[PDB]
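Trainee: Here it is: the structure, laid out below.
Protein chains: 2
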Amino acid sequence: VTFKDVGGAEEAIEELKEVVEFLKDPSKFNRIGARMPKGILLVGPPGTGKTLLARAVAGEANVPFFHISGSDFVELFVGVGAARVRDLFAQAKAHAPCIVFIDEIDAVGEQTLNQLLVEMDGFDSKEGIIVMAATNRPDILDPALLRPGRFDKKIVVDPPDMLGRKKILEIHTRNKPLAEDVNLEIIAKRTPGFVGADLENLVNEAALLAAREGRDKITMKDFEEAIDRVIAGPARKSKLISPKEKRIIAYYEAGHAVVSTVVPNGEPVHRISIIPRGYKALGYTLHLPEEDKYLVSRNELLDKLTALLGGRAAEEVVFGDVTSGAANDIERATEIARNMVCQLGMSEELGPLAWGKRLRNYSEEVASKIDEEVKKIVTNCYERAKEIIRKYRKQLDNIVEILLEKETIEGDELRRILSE
Amino acid sequence: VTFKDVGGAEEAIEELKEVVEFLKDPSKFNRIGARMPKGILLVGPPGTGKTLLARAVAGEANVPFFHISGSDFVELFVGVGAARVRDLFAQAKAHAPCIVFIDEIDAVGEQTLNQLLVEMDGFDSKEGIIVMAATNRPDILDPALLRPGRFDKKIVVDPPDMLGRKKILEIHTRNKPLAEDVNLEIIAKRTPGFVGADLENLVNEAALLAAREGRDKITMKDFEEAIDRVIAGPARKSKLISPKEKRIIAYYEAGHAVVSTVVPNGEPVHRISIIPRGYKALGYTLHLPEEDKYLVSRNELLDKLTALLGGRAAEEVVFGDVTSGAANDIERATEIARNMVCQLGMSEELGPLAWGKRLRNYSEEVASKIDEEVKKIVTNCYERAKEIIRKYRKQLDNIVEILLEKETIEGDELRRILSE
Ligand SMILES: Nc1ncnc2c1ncn2[C@@H]1O[C@H](COP(=O)(O)OP(=O)(O)O)[C@@H](O)[C@H]1O
Ligand SMILES: Nc1ncnc2c1ncn2[C@@H]1O[C@H](COP(=O)(O)OP(=O)(O)O)[C@@H](O)[C@H]1O
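Taken in sequence, the protein lines are chains B and A.
FYI, in the entry's author numbering the residues of the first sequence are 158 to 266, 281 to 528, 541 to 603.
FYI, in the entry's author numbering the residues of the second sequence are 158 to 266, 281 to 528, 541 to 603.
This is the structure in structure tokens:
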């Protein structure tokens, strides 16, 4: 369980390597005056992998490891926790420099608490005793533990970025017999926000779906379809859609994808489907990012707003009678335009100011000029999505009639059709 | 542990010297009628160093010292605290004039409380019994303890000013083997708001970082880099920034430093770096004050506001497309301009009045004249930062191309480049 078995956190490893060294040659840290801390506090979102790091460092240099959970101290009989703690340190002091882990310390931090503080102060840091604490919350902790001599050194763990998830997938798939067409980079970019714990569950679910039919390999189709069942839900083939009502959905989704391709700034589409899924959903479009970005320009916000108004601009041109389907793409397209004006200061009339944060302190004369700008930004974009559709209309029907039988179209075919 | 080992508080020492004298010649205070108090209450922010003063005064004249913590009285069995208190005074009365310290009295101030008040009133102040109490909160204390005869004399401790931190650093670094280029005045001015407890931790962390590589001296580079890891966090070299996206940050930070140098009133820069650090940060600039000030003029507030609008005025002139990076320098530059008008009364139209403190009691006709002034102060400054940049443009590119390879530039090189 060396450091080669943990991936996705290069700042909790490089920073936490001298502790291994300190357990090898403690003479280097006494010639100067170093006072290597007795306790280490790991903090981060739950499920990040805090517990695995302690096991990894314990196994890095052959050393006994004693794991104790603070949840076990909950609802224990009076005095049992104190006796367990005393026996733990009694065992620890008998052996060589050891590693002791205490988990879930937020809940504990009454009788066992005070006994812990006194007993911790008893032994010396030169014996070889290391205490590692892992909390899911840094605020509800007991303030007394933050005093010097107690837990004072903290390590922050963070969710992985794009390259971290690739490494985690590489780690967790070594044993299983993958097929020959499985690409782990594609599956790495379609899973943003996943903590390291969920990817193993994803692999297990893909294995289950591969095993249901019965076959010794896991193909790409199992991976891609297993991701959808986690985000939205299982497919619902029992639902019945009227033939004159599924023609509207075919035009509402084939218009959101034509507009999102013509405009310069955007991310490419992956597939379009109209199979119902989950509760209150009738069709979706998927994008895959090209890289990871941290700064957003202005022209990249006027083209994410035109795409959202693409579906509503396709019903109006074709049918002429607007439906109630596009009620969530209007709510999310009007708070994008209320940040370009109030907070980010990208309006040429109100200047570089931050009107807002209770949550409203300004006059009524000003409040009637923010609306004349919001209603002008949104209307100006909605007049351009309609203009885009009118050019690509003969090539918009072809995308529909293909989508009304196969019920799914791929991105490459779409981009081949648009560019005749 | 005499007074020579405590620095940074010259008002809790000069005021607390006759207590040492009173324990030497108590005859001077009885010829007139002095009734030197039995209890002394030390109040101040936590970690200021209240506990150290009691030990210092106890060691000033050779006298037994008995320390008891009020946190120990918490969750003790019924009657144990009273027995401990009785045994404490029983031991104290047997010896010469002694010193007894009670810590953390805010939590205690039920059964032990009443026993303390009665037993305190028992003995006489002429025996040589002194009681020192240290609380972190002056409001939650039991009001009964404020009656005469009980704790009535209080001493307030305060965080050190600029010269105090120098003395604390001098005290805590005597043993350790510093290098020859370490300047303690520079490190004293870059640590505002630090209480006396944090500087020793800073020294220990610098020692750790010096020891990691292995060398018998601590150079300046270890001190300066150890301060950053406390304020913001460790460097994150795993983060990847697109080549076309780190060119924007190089222009946003090289513009905030050119403007902050040309304007008359300001504090000099120290270094510019674009290495990511912490969470949601992509570049920072550091200043070092020349001295400590307590009054701020008006012209010193119109030049701290032009500097903040320097980054946004560098993207607009160069690229022409404003990004979302400068969203925190707009929020902090619009509450500076809402104090020059409402509270401080530095507006020539609304006169010397204080509109405001619920938090709003005035008409709507007035509320529409504060905005016409706020929008005029901010816009007038933003038209001048752009004017500054246009002059120093040939000398703004040189600062960038140097900053795109070394990833760090020093203040002296910047001020040499600007003044050709
Ligand atoms: N960086 C990582 N590399 C590989 N696997 C990880 C990583 N982080 C977390 N995991 C996986 O996530 C799972 C959950 O870990 P767990 O101990 O529950 O986290 P925590 O203790 O922080 O809740 C572990 O089985 C581990 O395999
Ligand atoms: N004025 C000072 N001079 C030198 N060291 C100080 C001073 N004030 C505080 N310290 C240091 O801060 C540390 C914390 O003191 P502590 O007793 O915890 O403060 P408090 O009791 O007020 O919380 C001590 O180890 C002491 O060395």
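Positions of the beta carbon are idealized from the N, C-alpha and C atoms, including for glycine.
Would you check whether ligand 1 has a heavy atom nearer than 7 angstroms to the C-beta of B/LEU209?
Mentor: Looking up residue 209 of chain B in the first sequence gives position 52. B/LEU209 Cβ: within cutoff of ligand 1.
Trainee: Can you pull the chain A neighbours of B/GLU588, defined as C-beta to C-beta under 8 angstroms?
Mentor: To locate residue 588 of chain B, count along the first sequence from 1; it is residue 405. Correct list: empty, because the minimum Cβ distance to chain A is about 41 angstroms.
Trainee: For the region 382-403 of chain A, enumerate the residues whose C-beta is nearer than 8 angstroms to any C-beta of chain B, in chain order.
Mentor: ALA382, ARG383, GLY385, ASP387 and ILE389
Trainee: Can B/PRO314 and B/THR205 be called in contact, C-beta distance under 8 angstroms?
Mentor: What you label residue 314 of chain B is simply residue 143 of the first sequence in a count that begins at 1. What you label residue 205 of chain B is simply residue 48 of the first sequence in a count that begins at 1. No. Outside cutoff.
Trainee: Flag this pair as touching only if the region 409-429 of chain A and the region 372-385 of chain A have three or more C-beta atom pairs under 8 angstroms; answer yes or no.
Mentor: Taking 8 angstroms as the limit for Cβ pairs, the verdict is that the region 372-385 of chain A does not touch the region 409-429 of chain A.
Trainee: By a C-beta neighbour count over all protein chains shown, 10 Å radius and 16 as the cutoff for buried, is A/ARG598 buried or exposed?
Mentor: Reading the second sequence from its first residue, position 415 is the one you call residue 598 of chain A. Its Cβ having fewer than 16 others within 10 Å, A/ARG598 is exposed.
Trainee: Select from the region 466-496 of chain A all residues with a C-beta closer than 8 angstroms to any C-beta belonging to chain B, and list them in chain order.
Mentor: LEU480, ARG483, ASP492, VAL493, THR494, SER495 and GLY496
Trainee: Examine chain A for any beta-carbon lying closer than 8 angstroms to the beta-carbon of B/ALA240, and answer yes or no.
Mentor: Taking the first sequence and counting its residues from 1, the one referred to as residue 240 of chain B is at position 83. No, B/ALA240 lies away from the interface with chain A (no Cβ there is under 8 angstroms from its Cβ).
Trainee: Could you compute how far the alpha carbon of A/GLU519 sits from the alpha carbon of A/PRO348?
Mentor: Taking the second sequence and counting its residues from 1, one reaches residue 519 of chain A at position 348. Taking the second sequence and counting its residues from 1, one reaches residue 348 of chain A at position 177. So the two alpha carbons sit approximately 59 angstroms from each other.
Trainee: Where does the unbroken beta strand (DSSP E) through A/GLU593 begin, and where does it stop?
Mentor: Locating residue 593 of chain A in the second sequence gives position 410, where the first residue counts as 1. Per DSSP, A/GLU593 belongs to the beta strand (DSSP E) from 591-593.
Trainee: Rounded to the nearest angstrom, what separates B/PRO405 and B/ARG448 at their Cα positions?
Mentor: Locating residue 405 of chain B in the first sequence gives position 234, where the first residue counts as 1. Locating residue 448 of chain B in the first sequence gives position 277, where the first residue counts as 1. Distance between the alpha carbons of B/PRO405 and B/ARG448: 6 angstroms.
Trainee: For A/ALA211 versus A/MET303, is the C-beta spacing smaller than 8 angstroms?
Mentor: On the second sequence, position 54 is the one that residue 211 of chain A refers to. On the second sequence, position 132 is the one that residue 303 of chain A refers to. Yes, Cβ-Cβ distance for A/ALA211 and A/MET303 is below 8 angstroms.
Trainee: Any chance you could list the alpha helix (DSSP H) runs of at least 4 consecutive residues sitting entirely within the region 175-221 of chain B, in chain order?
Mentor: 175-179 and 207-217
Trainee: Looking at B/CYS564 and B/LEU476, is the spacing between their C-beta atoms short of 8 angstroms?
Mentor: Indexing the first sequence from 1 puts residue 476 of chain B at position 305. Indexing the first sequence from 1 puts residue 564 of chain B at position 381. It is a contact, given that the beta carbons lie within the stated cut-off.
Trainee: Taking only beta-carbon positions, decide if A/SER444 is within less than 8 angstroms of chain B.
Mentor: For the purposes of this step, residue 444 of chain A is identified with residue 273 of the second sequence, where counting begins at 1. It does not: the Cβ of A/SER444 has no partner Cβ on chain B nearer than 8 angstroms.
Trainee: Listed from N- to C-terminal order along the chain, which residues in the region 200-213 of chain A have their beta-carbon within a distance smaller than 7 angstroms of any beta-carbon of chain B?
Mentor: none
Trainee: Measuring alpha carbon to alpha carbon, tell me which of B/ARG336, B/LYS360, B/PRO221 and B/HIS343 ends up nearest B/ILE301.
Mentor: As a first step, residue 301 of chain B must be located in the first sequence, where it is residue number 130. Ranking the options by Cα distance to B/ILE301, first place goes to B/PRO221.
Trainee: Going along the chain, which residues of its own chain have a beta-carbon closer than 8 angstroms to the beta-carbon of B/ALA218, five neighbours each way excluded?
Mentor: Counting from one through the first sequence, the residue named residue 218 of chain B turns up at place 61. Here the set comprises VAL177, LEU180 and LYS181.
Trainee: If you measure from the beta carbon of B/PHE322 to each beta carbon in chain A, is any gap under 8 angstroms?
Mentor: As a position in the first sequence, residue 322 of chain B is number 151, starting the count at 1. It does not: the Cβ of B/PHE322 has no partner Cβ on chain A nearer than 8 angstroms.
Trainee: Is the CB-CB distance between B/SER226 and B/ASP260 below 8 angstroms?
Mentor: Position 69 of the first sequence, counted from the start, is the residue given in the question as residue 226 of chain B. Position 103 of the first sequence, counted from the start, is the residue given in the question as residue 260 of chain B. For B/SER226 and B/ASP260, yes; Cβs fall inside 8 angstroms.
Trainee: Would you kindly work out how many angstroms separate the C-alpha atoms of B/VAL353 and A/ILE358, rounded to a whole number?
Mentor: Residue numbering aside, residue 353 of chain B sits at position 182 when the first sequence is read from its first letter. Residue numbering aside, residue 358 of chain A sits at position 187 when the second sequence is read from its first letter. Cα to Cα, the separation comes out at about 55 angstroms.
Trainee: Any beta carbon from chain A within less than 8 angstroms of B/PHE186's own beta carbon?
Mentor: Within the first sequence, the letter at position 29 stands for residue 186 of chain B. Yes, contact with chain A.
Trainee: Is A/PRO203 near ligand 2, with its Cβ less than 7 angstroms from a heavy atom?
Mentor: Taking the first residue of the second sequence as 1, we reach residue 203 of chain A at position 46. Indeed, a heavy atom of ligand 2 lies less than 7 angstroms from the Cβ.
Trainee: Does A/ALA191 get closer than 8 angstroms to chain B when you measure Cβ to Cβ?
Mentor: The residue labelled residue 191 of chain A in the question sits at position 34 within the second sequence. Output row for A/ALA191: interface = no.
Trainee: Let me check one thing: in DSSP terms, what residues is A/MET303 bridge-paired to?
Mentor: Indexing the second sequence from 1 puts residue 303 of chain A at position 132. DSSP output for A/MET303 lists A/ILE197 and A/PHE258 as bridge partner(s).
Trainee: Could you please tell me which residues of the region 562-581 of chain A, in chain order, have their CB closer than 8 angstroms to any CB of chain B?
Mentor: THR562 and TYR565
Trainee: According to the neighbour-count rule (16 or more other Cβ atoms, all chains shown, within 10 Å of its Cβ), is A/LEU479 buried or exposed?
Mentor: The sequence position of residue 479 of chain A within the second sequence is 308, counting from 1. With 16 or more other Cβ atoms within 10 Å, it is buried.
Trainee: Does B/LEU515 have its Cβ less than 8 angstroms from a Cβ in chain A?
Mentor: For this step, residue 515 of chain B is matched to residue 344 along the first sequence. Yes - at least one Cβ of chain A is within 8 angstroms of the one on B/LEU515.
Trainee: Is any heavy atom in ligand 1 found nearer than 7 angstroms to the beta carbon of B/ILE339?
Mentor: Looking up residue 339 of chain B in the first sequence gives position 168. Yes, Cβ of B/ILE339 sits closer than 7 angstroms to a heavy atom of ligand 1.
Trainee: Output yes or no for whether 8 angstroms exceeds the beta carbon distance between A/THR283 and A/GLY238.
Mentor: In the second sequence, counting from the first residue as 1, residue 283 of chain A sits at position 112. In the second sequence, counting from the first residue as 1, residue 238 of chain A sits at position 81. Closer than 8 angstroms, so yes.
Trainee: Should B/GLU570 go down as buried or exposed, given a rule of 16 or more other Cβ atoms within 10 Å for buried?
Mentor: Numbered from 1 along the first sequence, position 387 holds the residue referred to as residue 570 of chain B. Classification for B/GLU570: exposed.
Trainee: Would you report the Cα separation of A/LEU340 and A/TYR465, rounded to the nearest angstrom?
Mentor: As a first step, residue 340 of chain A must be located in the second sequence, where it is residue number 169. As a first step, residue 465 of chain A must be located in the second sequence, where it is residue number 294. Between A/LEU340 and A/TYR465, the C-alpha separation is close to 24 angstroms.
Trainee: Which residues bound the alpha helix (DSSP H) around A/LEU373?
Mentor: Position 202 of the second sequence holds residue 373 of chain A. First-last of the alpha helix (DSSP H) with A/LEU373: 367-384.
Trainee: Any chance the region 422-439 of chain B sits against the region 390-406 of chain B, with 3 or more Cβ pairs inside 8 angstroms?
Mentor: no
Trainee: Checking the sheet assignment: what are the DSSP bridge partners for B/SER444?
Mentor: As a position in the first sequence, residue 444 of chain B is number 273, starting the count at 1. B/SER444 pairs with B/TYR455 and B/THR591.
Trainee: Chain A partners of B/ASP463, CB-CB under 8 angstroms?
Mentor: Position 292 of the first sequence holds residue 463 of chain B. Per Cβ cutoff of 8 angstroms: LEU411.
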